[PDB]
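FYI, side chains are in, hydrogens and waters are out, and symmetry mates aren't considered; it's all heavy atoms of this structure. A note on names: the letters A, B, ... follow the listed sequences, proteins ahead of strands, and every chain is numbered from 1.
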There are 2 protein chains.
Amino acid sequence: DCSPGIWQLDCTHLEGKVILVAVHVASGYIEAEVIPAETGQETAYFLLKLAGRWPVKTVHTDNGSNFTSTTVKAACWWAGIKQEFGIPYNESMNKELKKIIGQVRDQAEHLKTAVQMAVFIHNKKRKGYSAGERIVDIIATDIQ
Amino acid sequence: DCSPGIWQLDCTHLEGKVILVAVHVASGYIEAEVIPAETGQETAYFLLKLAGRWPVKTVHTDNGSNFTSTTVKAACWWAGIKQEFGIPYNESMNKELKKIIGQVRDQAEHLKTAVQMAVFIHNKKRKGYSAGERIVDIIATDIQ
Ligand SMILES: O=C(O)Cc1c(-c2ccccc2)c2cc(Cl)ccc2[nH]c1=O
Ligand SMILES: O=C(O)Cc1c(-c2ccccc2)c2cc(Cl)ccc2[nH]c1=O
Ligand SMILES: [Ca+2]
Ligand SMILES: [Ca+2]
Ligand SMILES: [Cl-]
Ligand SMILES: [Cl-]
């Protein structure tokens, strides 16, 4: 998709741990972190954090049951976030992010550190704007 | 100050808990969260997260000893962050953010939720651009 308010939110597993990945669809910009466990509390918290930082209008996921908890629904309600239905189920940021995580894995002891390093590398890499430059360009243009 | 790479990073205390607050100096845009405890590990982790999301060149703090830990220094080294020395010690986002936190405190059980709600309110409030609009404007203009 390409609307500037659309985000994709999924969890991946690595080293018996859970990584929450949010992708700004229009830009490829990512935010991610290791979460203690795959729960509605964690997801709702991540969403509130995301919505305070970017203009999040709609969120899609590849696992719809991710968004059934009362806590998630309350976070989306409070922040004014809707579920995206204009993206069908049939990218692979998860493999690409895991590729980068594997590249920097030894640069840190804890996976959570490695994940942030990978996010940094992903968002700054030019290919020629970076995802980080693209998101601010897309959002700033959408204001004016 | 007004350079687009300058951030201010402090901790506040509330309800026997610790809130890490990062302020984009040029825009007034904030990121914050409740951290388990006031440690170098927590600060370094916050900094890596921040640097992967925004172009962080320099960081100032009101408590210089915040940045003495080996872990913090390594995070700044890795991300290419320098300590800001162009801002002297003699804003009050901490009182203003605590004001908003107190306004929404009952809207959530856990302080960490309240804090994100306050960040959201702060960043979206027009006064007439919002801090959230100002930061993307400042950063996007600084690319082109
Ligand atoms: O390895 C981790 O997961 C973070 C970490 C780092 C570190 C911080 C930034 C980049 C890479 C590693 C660290 C670094 C030093 Cl010089 C000493 C203790 C340290 N202790 C830690 O826990
Ligand atoms: O109160 C918290 O700190 C978060 C939270 C919320 C909540 C989520 C977003 C905004 C406000 C509160 C919640 C909401 C419902 Cl409808 C049910 C269980 C819930 N349980 C929780 O832990
Ligand atoms: Ca319930
Ligand atoms: Ca040491
Ligand atoms: Cl280490
Ligand atoms: Cl509650």
Are any non-hydrogen side-chain atoms of A/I87 and A/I6 less than 4.5 angstrom apart?
yes
OG1 of B/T61 to CG of B/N66, rounded to nearest 0.5 Å, is 4.0 Å
Using a strict 4.0 Å threshold on nitrogen-to-oxygen distance, state whether A/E33 and A/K17 make a salt bridge.
-> no
Review point. Could you walk me through whether B/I35 and B/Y45 pass the side chain to side chain contact (heavy atoms under 4.5 Å, CB included) check?
Key: CA-CA 10 Å; B/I35 55 173; B/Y45 181 73; over 6 Å; no
When the 4.5 angstrom heavy-atom criterion is applied to A/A79 and chain B, the contacting part is both
CG of B/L111 to CD of B/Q116, rounded to nearest 0.5 Å, is 9.5 Å
Okay, B/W78 and chain A: the region with an atom under 4.5 Å from a heavy atom over there is side chain
Cut-off 4.5 Å, heavy atoms of chain A, and the answer for B/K124 is side chain
Chain A shares the most heavy-atom pairs under 4.5 Å, among B/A32, B/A74, B/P55, with B/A32
Looking only at B/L48, B/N123, B/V136, the option with the highest number of non-hydrogen pairs under 4.5 Å against chain A is B/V136
Looking only at A/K49, A/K112, A/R53, A/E31, the option with the highest number of non-hydrogen pairs under 4.5 Å against chain B is A/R53
Counting heavy-atom pairs under 4.5 angstrom with chain A, the leader among B/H110, B/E133, B/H122 is B/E133
TODO: Check whether more than 12 heavy atoms from other residues, nucleotides or ligands sit under 6.0 Å from atom NZ of B/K125, and answer yes or no.
DONE: yes
Among B/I135, B/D142, B/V119, B/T113, the residue with the most heavy-atom pairs under 4.5 Å to chain A is B/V119
